[PDB]
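K.L.:
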Ligand SMILES: CC(=O)N[C@@H]1[C@@H](O)[C@H](O[C@@H]2O[C@H](CO[C@H]3O[C@H](CO[C@H]4O[C@H](CO)[C@@H](O)[C@H](O)[C@@H]4O)[C@@H](O)[C@H](O[C@H]4O[C@H](CO)[C@@H](O)[C@H](O)[C@@H]4O)[C@@H]3O)[C@@H](O)[C@H](O[C@H]3O[C@H](CO)[C@@H](O)[C@H](O)[C@@H]3O[C@@H]3O[C@H](CO)[C@@H](O[C@@H]4O[C@H](CO)[C@H](O)[C@H](O)[C@H]4O)[C@H](O)[C@H]3NC(C)=O)[C@@H]2O)[C@@H](CO)O[C@H]1O
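Residue numbers (the UniProt record's numbering): 45 to 476.
1. Would you call residue 374 buried or exposed, if buried means 16 or more other Cβ atoms sit within 10 Å of its Cβ?
2. Taking its Cβ as the centre, do 16 or more other Cβ atoms sit within 10 Å of residue 294, making it buried, or is it exposed?
3. Just how far apart, CA to CA, sit residue 40 and residue 367?
4. Is residue 429 near ligand 1, going by C-beta to nearest heavy atom under 6 Å?
5. DSSP puts residue 508 in a beta bridge; with which residues?
6. What is the DSSP secondary structure of residue 187, reduced to helix, strand or coil?
7. Are the CB atoms of residue 232 and residue 201 nearer to each other than 7 Å?
8. Which residues in the same chain as residue 189 place their Cβ atom closer than 8 Å to its Cβ, once the five residues preceding and following it in sequence are excluded?
9. The alpha helix (DSSP H) that contains residue 338, what's its start and end?
10. Got a sec: does ligand 1 put a non-hydrogen atom nearer than 6 Å to the Cβ of residue 353?
11. Would you mind listing the beta strand (DSSP E) stretches within the stretch 70-98 that are 3+ residues and don't spill past its ends, in chain order?
12. To which residues of the same chain is residue 342 closer than 7 Å at the C-beta, ignoring the five residues directly before and after it?
13. Please list, in chain order, all residues of the same chain as residue 432 whose beta carbon is under 6 Å from its beta carbon, the five residues on each side excluded.
14. In the DSSP output, which residue or residues are listed as bridge partners for residue 213?
15. Give every residue of the same chain whose Cβ lies closer than 8 Å to the Cβ of residue 162, excluding the five residues on either side of it in the sequence, and list them in chain order.
16. Assign residue 476 to buried or exposed, taking buried as 16 or more other Cβ atoms, counted over all protein chains shown, within 10 Å of its Cβ.
17. Report the partner residues of residue 63 according to the DSSP bridge assignment.
18. Give the secondary structure of residue 294 by DSSP, where H, G and I count as helix, E and B as strand, and everything else as coil.
19. Whose C-alpha, out of 333, 178, 269, 90, is nearest the C-alpha of residue 198?
20. How do the stretch 282-292 and the stretch 324-335 stand: do at least 3 beta-carbon pairs fall below 8 Å, yes or no?
21. For the putative contact between residue 155 and residue 135, defined by C-beta atoms under 8 Å, what is the C-beta separation to the nearest angstrom?
22. Please report the Cβ distance between residue 288 and residue 325, rounded to the nearest whole angstrom; I am assuming they are in contact, meaning their Cβ atoms lie under 8 Å.
23. If residue 180 sits next to residue 65, beta carbons under 8 Å apart, how far is it from one beta carbon to the other, in whole angstroms?
24. CB of residue 202 to nearest heavy atom of ligand 1: below 6 Å?
25. For the beta strand (DSSP E) that residue 52 lies in, which residues bound it at each end?
26. Given a cut-off of 7 Å, decide if residue 79 and residue 53 are closer than it, judged by their beta-carbon atoms.
27. Kindly examine ligand 1 and report whether one of its heavy atoms sits closer than 6 Å to the Cβ of residue 277.
28. Go ahead and pull the three-state DSSP assignment for residue 317.
29. Is the distance from the Cβ of residue 275 to the Cβ of residue 316 below 7 Å?
30. What ranges does the beta strand (DSSP E) occupy inside the stretch 400-464, keeping only unbroken runs of at least 3 residues that lie completely in it?
31. Near residue 500, what residues of its chain come up, given a Cβ to Cβ distance below 6 Å and the 5 sequence neighbours on each side ignored?
32. State the CB to CB distance for the pair residue 273 and residue 229, rounded to an integer number of angstroms; the pair is presumed to be in contact (CB under 8 Å).
33. Under 8 Å: do the stretch 387-403 and the stretch 157-172 share three or more Cβ pairs, one atom per stretch?
34. Judging by CA-CA distance, which residue of 185, 279, 176 is the nearest neighbour of residue 238?
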């Protein structure tokens, strides 16, 4: 038995989110083999539109098929076999389309076809990979180019308007913070449903109700907006859900992201109390329960970011139900003063190389030397926590010099800030 499965060749993921920042996107589709193939081993790939119905049902999603005429495989879709790497691949090109309605994820389900008889394909999962395509050609001001480090920013939204993301621009106009987090919605026990729910304090709820004026301006400029989830002093927790409790909590998180048109979640396993082990939705707090929640959340919103703060028991188990953590931890950010590290088949591109506590001051600066050190290490991210306009002097001083290194353009001093819950751009510092 020579077992094959399909994955994107560049990312090595069976489910790959693709962001078009240009007219074409090129990658390979890769079939892996468990055994060395023989001279006769062969297979092809094709778009499998029928499979999308099955995929959407399995994930409770509603991705529309990406126009097939915009996808082309080299070599008629035939996979070129490399027996010395137990794999076969073909180049695939995605072209940006014409009148595709924007802010919408399209699917390219890809199937192994016409495989020789020596190849076994154990199930429909092994037979397919999927690309989830988003046209980002117009949302480019957060996009600072291919291969660069990216910013990840927490707002304490009890106090600070996330439109202050827009205060942080390079001298060339690009937005520094690729990803921002609304810190935080909570996990808490709901007695009447008998399970955990998402519980939003009035500040979080106000932002969500008013996402069109206080959040969507960011997304239109390319910023990803995540809902932060945080433990909240009861029996429920992000690292103490049973398999069934995690499946349900995961669907509630995805539903928030869909309802308020957000881009994903950050899980932070802090401030929960001991679970009630008699409850079928809870279990012993463990990094394995955290990984289960991450896996289930990614299954429920596969086009959206699943990200964790590496603290508590939120991060460290690398496999759930045979699926490696690279498929369900998009970004991991570490505690102030340290670099995140990868697990399973993740790379440092999924990892923060610095975490700055902007409100209390710990964790270093995004200096020219730290920027080069992090580039040298292969790190994908820098993280900041709780900036506020009243501390812009300290915050921006901690960003001097790094932007030249990372992007060829330093962070510009701020000239705008926003007040809580107020869409008005005020002059910084005058209007403070
Ligand atoms: C990724 C990451 O960073 N993760 C964590 C972060 O969580 C952490 O952030 C800090 O967390 C602590 C702890 O937060 C938890 O516990 C809080 C306390 O709860 C307990 O008491 C409650 C009753 O008081 C009780 O109900 C509860 O059951 C507990 O027993 C919770 O309040 C908190 O939940 C709330 O916030 C979270 C989000 O943070 C929401 O999800 C949740 O729904 C809820 O709304 C959470 O469970 C916090 O205590 C820290 O908060 C301080 O700093 C943040 C900025 O980061 C501010 O936004 C806060 O307001 C707070 O600042 C203090 O604010 C007061 C009032 O404005 C200031 O007092 C004034 O002080 C001056 C002098 O200085 C004068 O005297 C004046 O008269 C006073 O009014 C005070 O100065 C402020 N202090 C500071 C330090 O600025 C953080 O949120 C961070 C830590 O770096 O990193 C990781 O660990």
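Backbone N, C-alpha and C define an ideal beta-carbon position, used for all residues, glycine too.
P.N.:
Taking the structure as given:
1. One-based indexing of the chain shown puts residue 374 at position 330. Using a 10 angstroms sphere on the CB of residue 374, the tally of other CB atoms reaches 16 or more, which defines it as buried.
2. For the purposes of this step, residue 294 is taken as the residue at position 250 of the chain shown. Burial state of residue 294 is buried, judged by a 10 Å Cβ sphere holding 16 or more other Cβ atoms.
3. In the structure as shown, the chain starts at 45 and stops at 476, and residue 40 therefore has no counterpart that could be examined.
4. Position 385 of the chain shown, counting from 1, holds the residue named residue 429. Yes, Cβ of residue 429 sits closer than 6 Å to a heavy atom of ligand 1.
5. Nothing about residue 508 can be reported from this structure: the residues present for the chain run from 45 to 476 only.
6. Along the chain shown, one-based indexing puts residue 187 at 143. Secondary structure of residue 187 (DSSP, three-state): coil.
7. Here the question's residue 232 lines up with position 188 in the chain shown. Here the question's residue 201 lines up with position 157 in the chain shown. No, Cβ-Cβ distance for residue 232 and residue 201 is not below 7 Å.
8. In the chain shown, counting from the first residue as 1, residue 189 sits at position 145. Listed in chain order, the non-local C-beta contacts of residue 189 below 8 Å within the same chain comprise 451, local neighbours out to five positions each way being set aside.
9. In the chain shown, the residue the question calls residue 338 occupies position 294. Following the DSSP letters along the chain, one finds residue 338 inside the alpha helix (DSSP H) bounded by residues 331-344.
10. As a first step, residue 353 is located in the chain shown; it is residue number 309 there, counting from the start. Yes, Cβ of residue 353 sits closer than 6 Å to a heavy atom of ligand 1.
11. For the stretch 70-98, the full-length beta strand (DSSP E) segments reaching 3 residues or more read 88-91 along the chain.
12. Within the chain shown, residue 342 is the residue found at index 298, counting from 1. So the list reads 350, 371, 372, once near-sequence residues are dropped.
13. Counted from its first residue, the chain shown places residue 432 at position 388. Here the set comprises 204.
14. Counting from one through the chain shown, the residue named residue 213 turns up at place 169. DSSP lists 219 as partners of residue 213.
15. As a first step, residue 162 is located in the chain shown; it is residue number 118 there, counting from the start. Within the same chain, residue 162 has close Cβ partners 46, 81, 82, 84, 85.
16. Taking the chain shown and counting its residues from 1, one reaches residue 476 at position 432. Label assigned to residue 476: exposed.
17. Residue 63 sits at position 19 when you count from the first residue of the chain shown. Paired residues: 178.
18. Residue numbering aside, residue 294 sits at position 250 when the chain shown is read from its first letter. DSSP places residue 294 within a helical segment (H, G or I) once states are collapsed to three.
19. Position 154 of the chain shown, counted from the start, is the residue given in the question as residue 198. By alpha-carbon distance to residue 198, the top candidate from 333, 178, 269, 90 is 269.
20. Using a C-beta cut-off of 8 Å, the stretch 282-292 makes contact with the stretch 324-335, since at least three inter-stretch Cβ pairs fall below that distance.
21. Position 111 of the chain shown, counting from 1, holds the residue named residue 155. Position 91 of the chain shown, counting from 1, holds the residue named residue 135. Rounded, the Cβ-Cβ distance is 17 Å, inconsistent with contact.
22. Counting from one through the chain shown, the residue named residue 288 turns up at place 244. Counting from one through the chain shown, the residue named residue 325 turns up at place 281. Yes, residue 288 and residue 325 are in contact; Cβ-Cβ is about 7 Å, under 8 Å.
23. For the purposes of this step, residue 180 is taken as the residue at position 136 of the chain shown. For the purposes of this step, residue 65 is taken as the residue at position 21 of the chain shown. Beta-carbon to beta-carbon, residue 180 and residue 65 are separated by about 5 Å, close enough to satisfy the 8 Å threshold.
24. Taking the first residue of the chain shown as 1, we reach residue 202 at position 158. Checking every heavy atom of ligand 1 against the Cβ of residue 202, one is found closer than 6 Å.
25. Here residue 52 is taken as the residue at index 8 of the chain shown, counted from 1. Membership of residue 52 in the beta strand (DSSP E) is indicated by the continuous run 46-52.
26. Your numbering for residue 53 matches position 9 in the chain shown. Your numbering for residue 79 matches position 35 in the chain shown. No.
27. Numbered from its first residue, the chain shown carries residue 277 at position 233. Correct: residue 277 has its Cβ closer than 6 Å to ligand 1.
28. Counting from one through the chain shown, the residue named residue 317 turns up at place 273. The answer is coil: DSSP assigns residue 317 none of H, G, I, E or B.
29. Against the chain shown, residue 275 aligns to sequence position 231. Against the chain shown, residue 316 aligns to sequence position 272. Yes, the Cβ-Cβ distance between residue 275 and residue 316 is below 7 Å.
30. List check, beta strand (DSSP E) in window: 425-429.
31. No information on residue 500 is available, as it lies outside the stretch 45 to 476 that the chain covers here.
32. By one-based count along the chain shown, residue 273 stands at place 229. By one-based count along the chain shown, residue 229 stands at place 185. Their Cβ separation, rounded to whole angstroms, is 5 Å, which keeps residue 273 and residue 229 in contact under 8 Å.
33. With a cut-off of 8 Å, the stretch 157-172 and the stretch 387-403 do not count as touching, because too few Cβ pairs lie within range.
34. Here residue 238 is taken as the residue at index 194 of the chain shown, counted from 1. Here the closest residue by C-alpha is 279.
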